[PDB]
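Undergrad: opening piece of the complex, as it sits:
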Amino acid sequence: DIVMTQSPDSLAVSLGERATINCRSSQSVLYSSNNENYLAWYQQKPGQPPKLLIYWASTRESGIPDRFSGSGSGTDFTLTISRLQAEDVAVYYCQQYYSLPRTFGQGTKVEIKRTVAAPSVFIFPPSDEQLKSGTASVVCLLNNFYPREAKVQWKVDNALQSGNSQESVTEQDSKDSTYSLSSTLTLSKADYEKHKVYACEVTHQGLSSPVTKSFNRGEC
Amino acid sequence: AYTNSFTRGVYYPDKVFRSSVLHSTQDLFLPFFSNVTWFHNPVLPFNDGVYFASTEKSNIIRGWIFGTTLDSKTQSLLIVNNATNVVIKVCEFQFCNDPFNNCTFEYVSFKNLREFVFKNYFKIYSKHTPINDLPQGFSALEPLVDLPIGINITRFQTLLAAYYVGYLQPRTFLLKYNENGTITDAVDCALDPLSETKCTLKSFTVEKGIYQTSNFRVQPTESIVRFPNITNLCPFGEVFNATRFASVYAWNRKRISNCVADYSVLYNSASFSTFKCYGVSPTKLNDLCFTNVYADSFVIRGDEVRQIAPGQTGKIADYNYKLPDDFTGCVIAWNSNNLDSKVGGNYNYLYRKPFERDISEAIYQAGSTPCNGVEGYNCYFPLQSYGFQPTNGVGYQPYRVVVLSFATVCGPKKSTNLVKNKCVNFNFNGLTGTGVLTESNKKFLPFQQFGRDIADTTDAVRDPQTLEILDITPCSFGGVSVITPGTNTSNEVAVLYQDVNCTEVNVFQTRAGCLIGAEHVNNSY
């Protein structure tokens, strides 16, 4: 079969530098009748149905990503990233004109490189609703660091789980292609107040250590 | 609101003086006694061209707009009767109901009726006359301008009370030119049988008599098409249901001939994996003809079997049966992975015209040795058991397809229901005509198909689907003649439709044709 699939899932390009998003089929894409390269790059927003913008493995669409666009190479292909680490940092994958089962890869991302800089770590028992707060105990949040490189910790009940808390995570929080999230210590509903401690913490890979502060169980 | 136009809206058709002469002409004119639309404003159609009039004493109507859009999406003609002079423009204007730019042309120049015609390259005519609701009095409009502009006019508006609109039909007119070159009176030849009579005689006075004026002809009310019943369908019904469908390394074929090639069943074929017709499109191919269909079949891994086209270059088709550029014809395909595949999938058969690439199972492809007779490592046979997996869908798995290039392989000829006793067009096989088809007593021999008259013209047909003999009469036609007393005595007239039956049009069936408007009398004179 054709096996149209992407290679990096994400980039970490330097600002004003270049890199490539990469993709391939398993075999023969420069098909034997003409070598007419039966693949092209989709680029779009994350999670979207695919639309081609680096057309026919050697060309580009009207107003296409250009510096983020690219070309085929045998069984493989790439989309570029020349100064494209933001705004032109699309979800991208190659796709085949080759066959019925041929389709786009999972939208691997062009993006800027980000450091694992320290999160906004602090103490945080639940508010007065601590008798039903659950996962909310030891609440901490992060910004200005790589998207999974900084997080809250399970510091409640003195469990000290550095960067290992239960969390929600989302979109951008700084120009380094940095991204943002928040998290807390795992507990049962009344256990958010009813733990042996309500201390809170957060950690990142580029910090000298995790950071934290103490508090009383459900203290408000 | 609507009102009778009477005789208004005649204009000098052309730029020439004529003496006291009756001149016959064809032009866009307001038909006599037609409806003006009366208004007391909205955008309207221009249609073919517009008569216009009003009684705005204080010059209340100030102008007009014409075009397709009447808005800046394209150019539009503007006319304004400004207090100093007439002003005309063609800009891509953009305004509401009335204003209170690519301007490629410009020009400057209740007691009364102000009256105009607009026509189209564009032209205007006018008159301006005292009045007392349109007058029953007659007067033609003098020409007033011709403009070179050639604007696309389909609609018009008005800029500013009572005013009127009516549409110029194409019409034949007789015009009474006069001693000063003026038009004094006019006829409209299409108005009534007396107006046809005046035009035919080129005269405003008509003497007592009977006069020819026109040919009455019944028009064919529909078209009937007939052919023999469909029979003996093409072998495609076996071909595209064959579980034994041919391996591309050993492709096989047969001449589809003396058959109903029901290609419409393939055109609509919602189950077909593909269609690949390099000849006629399948909607036309459902009604095609050829000496025979060169129908042939092959199968391979789907993505490789997709190489099968006339004038194609794919290595798998080179390794099976790749067609020349002259092999333009019909084609169709099916999902072999669902039924034609073996336990090894495409390994059920030898993979990718029939054997026309010099293809056979012996040594074939590779120059690595002098092709000593081992089908493998010496000189590879390319068309070995096909690589497509049984667990894949028929693009990654095996697929099967067939095609045929183009006096005996004939598409089905559809037929209408029969009709009787009406003037209709008829096609029966290669025989075409127009007539009243009627059921008949006229027996003729089993192989025979047509009647004839002594003049060697068609007279009857055997219907090809229920073998009755239909006697054919031509659609009724005859002279139209106007009986009239002298116009000097009366304007009342009676029409004779010569040799027609009065069913076919007070009324009287004479022995010479249907007579209309005349009263039958039993006295004699």
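TA: Good, I have the coordinates. Residues are numbered from 1 along each chain as shown, chains lettered A, B, ... in the order given.
Undergrad: residues in chain B within reach of chain A, list them.
TA: Within reach of chain A by CB under 8 Å from any CB of the partner chain, chain B has these residues: B:302-303, B:306-307, B:312-316, B:389, B:392-396. Quick note: C-beta positions are derived from backbone N, CA and C, even for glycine.
Undergrad: from the residues you listed, list just the buried residues.
TA: B:302-303, B:306-307, B:312, B:314-316, B:389, B:392-396 (16 or more other CB atoms under 10 Å in any protein chain shown).
Undergrad: let me know the secondary structure of the residue sitting furthest away from the middle of chain A.
TA: Distance from the C-alpha centroid of chain A, by CA atoms, centre = their mean, peaks at residue A:33 (40.5 Å). Classification of residue A:33 using DSSP: H, G, I helix; E, B strand; the rest coil returns coil.
Undergrad: rewinding a little: as JSON lines, the buried ones among the residues of chain B next to chain A with secondary structure would be great.
TA: Below are these laid out as JSON lines (three-state DSSP):
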{"residue": "B:302", "secondary structure": "helix"}
{"residue": "B:303", "secondary structure": "helix"}
{"residue": "B:306", "secondary structure": "coil"}
{"residue": "B:307", "secondary structure": "coil"}
{"residue": "B:312", "secondary structure": "coil"}
{"residue": "B:314", "secondary structure": "coil"}
{"residue": "B:315", "secondary structure": "helix"}
{"residue": "B:316", "secondary structure": "helix"}
{"residue": "B:389", "secondary structure": "coil"}
{"residue": "B:392", "secondary structure": "coil"}
{"residue": "B:393", "secondary structure": "coil"}
{"residue": "B:394", "secondary structure": "coil"}
{"residue": "B:395", "secondary structure": "coil"}
{"residue": "B:396", "secondary structure": "coil"}
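Undergrad: which single residue in chain B comes nearest to chain A?
TA: Nearest to chain A, among the residues of chain B, is residue B:395, at 3.4 Å (CB to the nearest CB).
Undergrad: tell me the contacts of that residue?
TA: Shown in contact with residue B:395 (CB atoms under 8 Å, 6 or more residues apart in numbering or on different chains): A:99-102, B:302-303.
Undergrad: slot chain C in:
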Amino acid sequence: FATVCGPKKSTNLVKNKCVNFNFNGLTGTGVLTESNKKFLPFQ
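TA: Just below you will find chain C, in place on the chains above:
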């Protein structure tokens, strides 16, 4: 590059001889005579 044609260059009039003529693209051949007809202003 009908609103922009070049010059409509014209001769003098020549009465009472038999002459070939073009008037406005009407063409013919005849004796042009002064005459008493009363054409309407546009004709």
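Undergrad: for the residue farthest from the centre of chain A, what are its contacts?
TA: With CB under 8 Å, 6+ apart, residue A:33 has these contacts: B:307, B:312-315.
Undergrad: secondary structure class for the residue nearest the centre of chain A?
TA: Nearest residue to the geometric centre of chain A (CA atoms, centre = their mean): residue A:147, 5.5 Å. Each residue gets one of three states, and residue A:147 gets coil by three-state DSSP.
Undergrad: got the contact list for the closest residue to it other than its chain neighbours?
TA: With sequence-adjacent residues excluded and distances taken as CB to CB, 6 or more residues apart in numbering or on different chains, residue A:147 is closest to residue A:179, at 3.6 Å. Residues in contact with residue A:179 (CB under 8 Å, 6+ apart) are A:114, A:145-147, A:169-173.
Undergrad: who wins for neighbours among these?
TA: The most crowded member of those, judged by other CB atoms under 10 Å in any protein chain shown, is residue A:145 (26 neighbours).
Undergrad: distance of it from chain C?
TA: 69 Å (CB to the nearest CB, to the nearest Å).
Undergrad: angles on the backbone of the residue lying closest to that residue once chain neighbours are set aside, please.
TA: Once flanking residues are discounted, residue A:145 sits nearest to residue A:117: 4.4 Å by CB to CB, 6+ apart. Main-chain dihedrals, residue A:117, degrees, to the nearest 10: phi -60, psi 160.
Undergrad: which ones are touching residue A:117?
TA: Counting by CB under 8 Å, 6+ apart, residue A:117 has contacts A:144-145, A:149-150, A:178, A:204, A:206-207.
Undergrad: re the thing from before, now distance to residue B:294 too, for the contacts of residue A:179, in CSV please.
TA: Below are the contacts of residue A:179 laid out as CSV (distance: CB to CB, whole Å):
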residue, distance to residue B:294
A:114, 65
A:145, 70
A:146, 65
A:147, 62
A:169, 64
A:170, 64
A:171, 62
A:172, 64
A:173, 68
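Undergrad: put chain D on too:
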Amino acid sequence: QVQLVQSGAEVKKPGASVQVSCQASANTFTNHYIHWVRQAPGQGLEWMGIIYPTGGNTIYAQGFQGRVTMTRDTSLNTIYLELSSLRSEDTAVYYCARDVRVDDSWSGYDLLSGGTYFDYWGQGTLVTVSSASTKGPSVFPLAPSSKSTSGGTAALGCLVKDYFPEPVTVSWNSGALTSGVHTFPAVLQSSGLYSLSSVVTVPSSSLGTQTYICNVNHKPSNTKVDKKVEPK
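TA: Chain D added:
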């Protein structure tokens, strides 16, 4: 380019049914084999199947041969969409992908050519896993106390539970400020649905300036509200 669009966004359950719609025109409707393009929200979408939308002549990707169905509608400027025995990724959004037209003078159904690669896409109509909790009123008040609040790490936030959609109408912060995306949507978690612990940057005056909301539901959860929360 093409008239590409998507519609009918709803919850659909794994092993159960689903429904959808898409918009079509020109060569993608009557001159090419269009792709039904879909995926779980963690990735760019891919071909559920290939459809020739006049008459509908159809082929499917073998992961979705049973789980998803598509139908002809190209003269209706459309393509019809459905599911039965849905995949584990039943929350997958989907839309039409406008396939490139037939590149040569063959006639009839062009499925002998191309793939899911297309000149336009219908932007993706959303979905949710109908086997998960369909509500979202659940909330859990907490955010950074006086070690960061009223100071150099202040955030407005709360935890959220039992949500059908990932978005929450509580927005983590109470509307006074929400700097950076750290007021994040809920995600699949131990609440039997989407769950959250979000906190975006907030006013540096107090924990009440850094005010919060915790309700996990958006409009698709039938419980979307600014239900209150607080730091410390």
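Undergrad: ok chain D is in now, so what about the contacts of residue A:117?
TA: Residue A:117 makes contact with A:144-145, A:149-150, A:178, A:204, A:206-207 under the criterion CB under 8 Å, 6+ apart.
Undergrad: how about 10 Å then?
TA: Each residue near residue A:117 by CB atoms under 10 Å, 6 or more residues apart in numbering or on different chains is listed here: A:142-146, A:149-150, A:174, A:176, A:178, A:204-207.
Undergrad: can you check residue A:83 too?
TA: Residues in contact with residue A:83 (CB under 10 Å, 6+ apart) are A:13-18, A:67-68.
Undergrad: among the residues you listed, which are in strands?
TA: Assignment to strands by DSSP state E places none of those there.
Undergrad: which one (most neighbours) among these?
TA: residue A:68 leads the contacts of residue A:83 on contacts (other CB under 10 Å) with 26 neighbours.
Undergrad: ok, it touching residue A:21?
TA: Yes. Using CB atoms under 10 Å, residue A:68 makes contact with residue A:21 at a distance of 8.2 Å.
Undergrad: anything in contact with each of these two?
TA: Going by CB under 10 Å, 6+ apart, residues that sit against residue A:68 and also against residue A:21 are A:41, A:43, A:54, A:79-81, A:84, A:89-90, A:92, A:110.
Undergrad: closest point of chain A to chain B, which residue?
TA: residue A:100 (3.4 Å).
Undergrad: same deal with chain D?
TA: residue D:108 (2.2 Å).
Undergrad: and chain A, which residues reach chain B?
TA: Residues of chain A found near chain B (CB under 10 Å from any CB of the partner chain) are A:1-3, A:28, A:31-34, A:38, A:96, A:98-102.
Undergrad: which one of these sits closest to chain C?
TA: residue A:34 (45.8 Å).
Undergrad: so what's the residue count around that closest one?
TA: By other CB under 10 Å, the residues close to residue A:34 number 11.
Undergrad: for it, what are its contacts?
TA: B:312-314.
Undergrad: ok, residue D:190 next?
TA: Neighbours of residue D:190 in contact, by CB under 10 Å, 6+ apart: A:134-135, A:166, A:186, D:161.
Undergrad: which phi and psi values does it adopt?
TA: phi -60, psi -10.
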